[PDB]
file my_file_26.pdb (PDB, C-alpha atoms)
MODEL        1
ATOM      1  CA  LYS A   1       3.752  33.227  11.048
ATOM      2  CA  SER A   2       5.490  30.196  12.529
ATOM      3  CA  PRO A   3       2.168  28.460  13.380
ATOM      4  CA  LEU A   4       0.632  29.155   9.971
ATOM      5  CA  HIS A   5       3.620  27.693   8.141
ATOM      6  CA  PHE A   6       3.366  24.450  10.119
ATOM      7  CA  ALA A   7      -0.412  24.214   9.781
ATOM      8  CA  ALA A   8      -0.242  24.758   6.027
ATOM      9  CA  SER A   9       2.743  22.462   5.550
ATOM     10  CA  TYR A  10       0.984  19.519   7.213
ATOM     11  CA  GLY A  11      -2.552  20.071   5.965
ATOM     12  CA  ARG A  12      -4.128  20.965   9.311
ATOM     13  CA  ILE A  13      -7.076  22.754   7.769
ATOM     14  CA  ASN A  14      -9.063  23.917  10.802
ATOM     15  CA  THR A  15      -6.010  25.627  12.270
ATOM     16  CA  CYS A  16      -5.668  27.493   8.974
ATOM     17  CA  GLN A  17      -9.324  28.538   9.028
ATOM     18  CA  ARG A  18      -8.898  29.844  12.573
ATOM     19  CA  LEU A  19      -5.682  31.756  11.884
ATOM     20  CA  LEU A  20      -7.043  33.322   8.682
ATOM     21  CA  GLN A  21      -9.798  35.245  10.438
ATOM     22  CA  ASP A  22     -10.552  38.968  10.302
ATOM     23  CA  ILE A  23      -9.359  39.162   6.705
ATOM     24  CA  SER A  24      -7.872  42.650   6.416
ATOM     25  CA  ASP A  25      -4.092  42.250   6.689
ATOM     26  CA  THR A  26      -2.755  40.137   3.822
ATOM     27  CA  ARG A  27       0.832  40.607   5.012
ATOM     28  CA  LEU A  28       0.718  37.361   6.990
ATOM     29  CA  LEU A  29      -0.763  35.418   4.073
ATOM     30  CA  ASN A  30       1.871  36.332   1.458
ATOM     31  CA  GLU A  31       5.020  36.187   3.603
ATOM     32  CA  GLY A  32       7.689  33.543   3.125
ATOM     33  CA  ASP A  33      10.087  31.940   5.568
ATOM     34  CA  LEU A  34      13.873  31.969   5.299
ATOM     35  CA  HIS A  35      13.817  30.106   1.963
ATOM     36  CA  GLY A  36      11.167  32.511   0.710
ATOM     37  CA  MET A  37       8.413  29.886   0.638
ATOM     38  CA  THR A  38       4.928  31.210   1.334
ATOM     39  CA  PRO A  39       2.231  29.017   2.913
ATOM     40  CA  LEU A  40       0.968  28.239  -0.589
ATOM     41  CA  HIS A  41       4.378  26.864  -1.560
ATOM     42  CA  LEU A  42       4.407  24.506   1.424
ATOM     43  CA  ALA A  43       0.806  23.348   1.078
ATOM     44  CA  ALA A  44       1.443  22.552  -2.579
ATOM     45  CA  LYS A  45       4.810  20.947  -1.855
ATOM     46  CA  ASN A  46       3.221  18.386   0.450
ATOM     47  CA  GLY A  47       0.165  18.029  -1.780
ATOM     48  CA  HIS A  48      -2.747  19.275   0.331
ATOM     49  CA  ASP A  49      -5.323  20.438  -2.191
ATOM     50  CA  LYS A  50      -7.922  21.614   0.326
ATOM     51  CA  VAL A  51      -5.483  24.003   1.992
ATOM     52  CA  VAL A  52      -4.399  25.286  -1.421
ATOM     53  CA  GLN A  53      -8.021  25.924  -2.374
ATOM     54  CA  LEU A  54      -8.676  27.738   0.898
ATOM     55  CA  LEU A  55      -5.586  29.917   0.504
ATOM     56  CA  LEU A  56      -6.453  30.771  -3.101
ATOM     57  CA  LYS A  57      -9.962  31.777  -2.042
ATOM     58  CA  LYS A  58      -8.161  34.479  -0.065
ATOM     59  CA  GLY A  59      -5.723  35.189  -2.898
ATOM     60  CA  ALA A  60      -2.048  34.278  -2.558
ATOM     61  CA  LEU A  61      -0.533  35.964  -5.660
ATOM     62  CA  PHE A  62       1.795  33.117  -6.795
ATOM     63  CA  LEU A  63       5.126  34.538  -5.687
ATOM     64  CA  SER A  64       8.507  32.827  -5.998
ATOM     65  CA  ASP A  65      11.094  31.517  -3.569
ATOM     66  CA  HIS A  66      14.885  31.799  -3.557
ATOM     67  CA  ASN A  67      15.104  29.486  -6.584
ATOM     68  CA  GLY A  68      12.352  30.961  -8.748
ATOM     69  CA  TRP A  69       9.943  28.071  -8.217
ATOM     70  CA  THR A  70       6.206  28.581  -7.907
ATOM     71  CA  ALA A  71       3.469  26.509  -6.306
ATOM     72  CA  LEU A  72       3.060  24.618  -9.575
ATOM     73  CA  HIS A  73       6.764  23.761  -9.660
ATOM     74  CA  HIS A  74       6.507  22.090  -6.248
ATOM     75  CA  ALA A  75       3.206  20.360  -6.985
ATOM     76  CA  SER A  76       4.678  18.932 -10.189
ATOM     77  CA  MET A  77       7.961  17.925  -8.570
ATOM     78  CA  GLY A  78       5.847  15.917  -6.140
ATOM     79  CA  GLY A  79       3.381  14.613  -8.693
ATOM     80  CA  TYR A  80       0.155  15.519  -6.888
ATOM     81  CA  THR A  81      -2.181  15.863  -9.845
ATOM     82  CA  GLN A  82      -5.071  17.030  -7.667
ATOM     83  CA  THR A  83      -3.434  20.187  -6.317
ATOM     84  CA  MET A  84      -2.159  20.834  -9.846
ATOM     85  CA  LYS A  85      -5.729  20.679 -11.123
ATOM     86  CA  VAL A  86      -6.770  23.033  -8.332
ATOM     87  CA  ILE A  87      -4.031  25.518  -9.241
ATOM     88  CA  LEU A  88      -4.696  25.382 -12.988
ATOM     89  CA  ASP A  89      -8.201  26.848 -12.584
ATOM     90  CA  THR A  90      -7.430  30.326 -11.224
ATOM     91  CA  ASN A  91      -5.076  32.733 -12.993
ATOM     92  CA  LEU A  92      -4.037  30.316 -15.772
ATOM     93  CA  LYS A  93      -0.907  32.431 -16.255
ATOM     94  CA  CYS A  94       1.625  30.489 -14.161
ATOM     95  CA  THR A  95       1.805  27.503 -16.519
ATOM     96  CA  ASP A  96       4.803  28.932 -18.378
ATOM     97  CA  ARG A  97       6.936  30.360 -15.587
ATOM     98  CA  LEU A  98      10.670  29.781 -15.356
ATOM     99  CA  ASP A  99      13.013  29.298 -12.421
ATOM    100  CA  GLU A 100      16.699  30.161 -12.191
ATOM    101  CA  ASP A 101      17.603  27.576 -14.850
ATOM    102  CA  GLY A 102      14.721  28.191 -17.245
ATOM    103  CA  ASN A 103      12.882  25.015 -16.228
ATOM    104  CA  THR A 104       9.107  24.886 -16.466
ATOM    105  CA  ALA A 105       6.784  22.731 -14.382
ATOM    106  CA  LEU A 106       6.728  20.237 -17.249
ATOM    107  CA  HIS A 107      10.499  19.835 -16.953
ATOM    108  CA  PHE A 108      10.180  18.717 -13.333
ATOM    109  CA  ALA A 109       7.125  16.523 -13.852
ATOM    110  CA  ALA A 110       9.000  14.724 -16.625
ATOM    111  CA  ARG A 111      12.341  14.493 -14.831
ATOM    112  CA  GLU A 112      10.750  12.863 -11.792
ATOM    113  CA  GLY A 113       8.715  10.369 -13.816
ATOM    114  CA  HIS A 114       5.131  11.406 -13.027
ATOM    115  CA  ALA A 115       3.205  10.318 -16.105
ATOM    116  CA  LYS A 116      -0.214  11.586 -15.035
ATOM    117  CA  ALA A 117       1.192  15.008 -14.171
TER     118      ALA A 117
ATOM    119  CA  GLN B   1      10.950 -11.366  -6.543
ATOM    120  CA  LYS B   2      10.108  -8.475  -8.870
ATOM    121  CA  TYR B   3       6.432  -9.158  -8.206
ATOM    122  CA  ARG B   4       7.129  -9.257  -4.474
ATOM    123  CA  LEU B   5       8.972  -5.931  -4.658
ATOM    124  CA  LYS B   6       6.044  -4.296  -6.448
ATOM    125  CA  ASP B   7       3.622  -5.459  -3.758
ATOM    126  CA  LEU B   8       5.997  -4.095  -1.117
ATOM    127  CA  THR B   9       6.027  -0.698  -2.829
ATOM    128  CA  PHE B  10       2.228  -0.568  -2.975
ATOM    129  CA  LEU B  11       1.884  -1.325   0.734
ATOM    130  CA  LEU B  12       4.507   1.258   1.683
ATOM    131  CA  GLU B  13       2.654   3.964  -0.240
ATOM    132  CA  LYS B  14      -0.626   3.205   1.526
ATOM    133  CA  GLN B  15       1.228   3.415   4.839
ATOM    134  CA  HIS B  16       2.734   6.796   3.933
ATOM    135  CA  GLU B  17      -0.729   8.192   3.251
ATOM    136  CA  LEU B  18      -1.960   6.957   6.632
ATOM    137  CA  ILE B  19       0.945   8.648   8.421
ATOM    138  CA  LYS B  20       0.271  11.972   6.722
ATOM    139  CA  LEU B  21      -3.344  11.691   7.862
ATOM    140  CA  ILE B  22      -2.173  11.129  11.443
ATOM    141  CA  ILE B  23      -0.064  14.282  11.329
ATOM    142  CA  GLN B  24      -2.880  16.368   9.929
ATOM    143  CA  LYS B  25      -5.444  15.175  12.501
ATOM    144  CA  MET B  26      -3.490  14.963  15.775
ATOM    145  CA  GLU B  27      -3.669  17.241  18.808
ATOM    146  CA  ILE B  28      -0.874  19.755  19.421
ATOM    147  CA  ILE B  29      -1.042  21.907  22.544
ATOM    148  CA  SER B  30       2.099  21.966  24.671
ATOM    149  CA  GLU B  31       4.521  21.656  21.749
ATOM    150  CA  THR B  32       3.028  24.490  19.704
ATOM    151  CA  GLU B  33       5.216  27.251  18.292
TER     152      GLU B  33
ATOM    153  CA  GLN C   1      17.869 -12.369  -0.648
ATOM    154  CA  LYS C   2      14.447 -13.886  -1.343
ATOM    155  CA  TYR C   3      14.344 -15.028   2.278
ATOM    156  CA  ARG C   4      15.367 -11.546   3.400
ATOM    157  CA  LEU C   5      12.618  -9.979   1.282
ATOM    158  CA  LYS C   6       9.996 -12.258   2.825
ATOM    159  CA  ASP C   7      11.062 -11.272   6.339
ATOM    160  CA  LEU C   8      10.880  -7.617   5.301
ATOM    161  CA  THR C   9       7.314  -8.096   4.062
ATOM    162  CA  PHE C  10       6.244  -9.751   7.316
ATOM    163  CA  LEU C  11       7.634  -6.909   9.424
ATOM    164  CA  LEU C  12       6.011  -4.259   7.236
ATOM    165  CA  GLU C  13       2.604  -5.898   7.640
ATOM    166  CA  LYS C  14       2.891  -5.946  11.430
ATOM    167  CA  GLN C  15       3.814  -2.260  11.304
ATOM    168  CA  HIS C  16       0.786  -1.439   9.143
ATOM    169  CA  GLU C  17      -1.513  -3.052  11.695
ATOM    170  CA  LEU C  18       0.050  -0.997  14.492
ATOM    171  CA  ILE C  19      -0.488   2.236  12.555
ATOM    172  CA  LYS C  20      -4.152   1.455  11.948
ATOM    173  CA  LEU C  21      -4.526   0.868  15.685
ATOM    174  CA  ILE C  22      -2.981   4.279  16.379
ATOM    175  CA  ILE C  23      -5.485   5.965  14.080
ATOM    176  CA  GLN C  24      -8.430   4.201  15.648
ATOM    177  CA  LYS C  25      -7.394   5.018  19.236
ATOM    178  CA  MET C  26      -6.053   8.589  19.057
ATOM    179  CA  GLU C  27      -7.641  11.796  20.332
ATOM    180  CA  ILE C  28      -9.226  14.207  17.846
ATOM    181  CA  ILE C  29     -10.672  17.460  19.167
ATOM    182  CA  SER C  30      -9.536  20.609  17.382
ATOM    183  CA  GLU C  31      -9.253  18.995  13.945
ATOM    184  CA  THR C  32     -12.718  17.437  13.959
ATOM    185  CA  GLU C  33     -15.098  17.921  11.042
TER     186      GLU C  33
ENDMDL
END
call {"tool": "encode", "arguments": {"input": "my_file_26.pdb", "output": "structure tokens"}}
result
Amino acid sequence: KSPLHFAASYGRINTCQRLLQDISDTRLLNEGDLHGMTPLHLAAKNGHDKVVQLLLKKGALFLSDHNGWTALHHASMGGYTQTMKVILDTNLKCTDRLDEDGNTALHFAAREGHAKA
Amino acid sequence: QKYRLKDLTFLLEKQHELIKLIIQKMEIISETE
Amino acid sequence: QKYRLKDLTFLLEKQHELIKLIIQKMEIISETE
């Protein structure tokens, strides 16, 4: 739990591949920390597209933290167009999600000034 | 000085990317959680 | 403040060189491709 969060948050990909072995218990994969942020949230927050792709290939469900954000909210707040492109090719249903204040990902991408996003 | 400031920004961003690479490649053994 | 900005640039360039040295000297074992 604690090692996987660090490895995903800082893009250490081989550590993630080692930890995510014997795929049978998805409780470790879809469990958030104290702020309710799953590994997918962290990997997208720091903009590591390879880790996001690897986690999605195991299925990560697109949950929500203690402010209603999703992976796309974080990726857009940061401006990392590549992990956004990786996310937008899976379920294609998270594009129009809302947080606690009814903000979409577009709201954040525009508020922070990321033109390409 | 606006031109100088823009060049400074560009260099700082390249440096930030290098540092993130360092963190994602380094060795961590004794200080692991 | 132009003089100050030039000194800032000089220091940042020295720092960039040091970081590149770190990357080219470090140990990489578990995170190798």
call {"tool": "resolve_selection", "arguments": {"input": "my_file_26.pdb", "expression": "the PyMOL selection byres ((chain B) within 10 of (chain A))", "output": "PyMOL selection string"}}
result
chain B and resi 20-26+32-33
call {"tool": "residues_around", "arguments": {"input": "my_file_26.pdb", "residues": "residue 52 in chain A", "least_positions_apart": "6", "cutoff": "10 Å", "atoms": "only C-alpha atoms", "output": "MDAnalysis selection string"}}
result
chainID A and resid 8 11 13 39:44 60 71 83:84 86:87
call {"tool": "resolve_selection", "arguments": {"input": "my_file_26.pdb", "expression": "the PyMOL selection byres ((chain B) within 10 of (chain C))", "output": "compact mmCIF listing (two decimals) with C-alpha atoms, in the frame of the given file"}}
result
# COMPACT_ATOMS: atom_id res chain seq x y z
CA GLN B 1 10.95 -11.37 -6.54
CA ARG B 4 7.13 -9.26 -4.47
CA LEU B 5 8.97 -5.93 -4.66
CA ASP B 7 3.62 -5.46 -3.76
CA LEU B 8 6.00 -4.10 -1.12
CA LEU B 11 1.88 -1.32 0.73
CA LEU B 12 4.51 1.26 1.68
CA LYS B 14 -0.63 3.20 1.53
CA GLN B 15 1.23 3.42 4.84
CA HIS B 16 2.73 6.80 3.93
CA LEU B 18 -1.96 6.96 6.63
CA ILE B 19 0.94 8.65 8.42
CA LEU B 21 -3.34 11.69 7.86
CA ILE B 22 -2.17 11.13 11.44
CA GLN B 24 -2.88 16.37 9.93
CA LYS B 25 -5.44 15.18 12.50
CA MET B 26 -3.49 14.96 15.78
CA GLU B 27 -3.67 17.24 18.81
CA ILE B 28 -0.87 19.76 19.42
call {"tool": "atom_distance", "arguments": {"input": "my_file_26.pdb", "atom1": "CA of residue 56 in chain A", "atom2": "CA of residue 30 in chain A"}}
result
11.0 Å
call {"tool": "atom_distance", "arguments": {"input": "my_file_26.pdb", "atom1": "CA of residue 28 in chain A", "atom2": "CA of residue 88 in chain A"}}
result
23.9 Å
call {"tool": "resolve_selection", "arguments": {"input": "my_file_26.pdb", "expression": "the PyMOL selection byres ((chain A and resi 65) around 12)", "output": "number ranges by chain"}}
result
A: 30-42, 62-64, 66-71, 73-74, 98-100
call {"tool": "write_last_selection", "arguments": {"input": "my_file_26.pdb", "atoms": "C-alpha atoms", "output": "PDB file, in the frame of the given file"}}
result
ATOM      1  CA  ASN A  30       1.871  36.332   1.458  1.00  0.00           C
ATOM      2  CA  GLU A  31       5.020  36.187   3.603  1.00  0.00           C
ATOM      3  CA  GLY A  32       7.689  33.543   3.125  1.00  0.00           C
ATOM      4  CA  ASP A  33      10.087  31.940   5.568  1.00  0.00           C
ATOM      5  CA  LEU A  34      13.873  31.969   5.299  1.00  0.00           C
ATOM      6  CA  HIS A  35      13.817  30.106   1.963  1.00  0.00           C
ATOM      7  CA  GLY A  36      11.167  32.511   0.710  1.00  0.00           C
ATOM      8  CA  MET A  37       8.413  29.886   0.638  1.00  0.00           C
ATOM      9  CA  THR A  38       4.928  31.210   1.334  1.00  0.00           C
ATOM     10  CA  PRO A  39       2.231  29.017   2.913  1.00  0.00           C
ATOM     11  CA  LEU A  40       0.968  28.239  -0.589  1.00  0.00           C
ATOM     12  CA  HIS A  41       4.378  26.864  -1.560  1.00  0.00           C
ATOM     13  CA  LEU A  42       4.407  24.506   1.424  1.00  0.00           C
ATOM     14  CA  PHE A  62       1.795  33.117  -6.795  1.00  0.00           C
ATOM     15  CA  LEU A  63       5.126  34.538  -5.687  1.00  0.00           C
ATOM     16  CA  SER A  64       8.507  32.827  -5.998  1.00  0.00           C
ATOM     17  CA  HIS A  66      14.885  31.799  -3.557  1.00  0.00           C
ATOM     18  CA  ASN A  67      15.104  29.486  -6.584  1.00  0.00           C
ATOM     19  CA  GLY A  68      12.352  30.961  -8.748  1.00  0.00           C
ATOM     20  CA  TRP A  69       9.943  28.071  -8.217  1.00  0.00           C
ATOM     21  CA  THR A  70       6.206  28.581  -7.907  1.00  0.00           C
ATOM     22  CA  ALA A  71       3.469  26.509  -6.306  1.00  0.00           C
ATOM     23  CA  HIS A  73       6.764  23.761  -9.660  1.00  0.00           C
ATOM     24  CA  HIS A  74       6.507  22.090  -6.248  1.00  0.00           C
ATOM     25  CA  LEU A  98      10.670  29.781 -15.356  1.00  0.00           C
ATOM     26  CA  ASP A  99      13.013  29.298 -12.421  1.00  0.00           C
ATOM     27  CA  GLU A 100      16.699  30.161 -12.191  1.00  0.00           C
TER      28      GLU A 100
END
call {"tool": "atom_distance", "arguments": {"input": "my_file_26.pdb", "atom1": "CA of residue 106 in chain A", "atom2": "CA of residue 76 in chain A"}}
result
7.5 Å
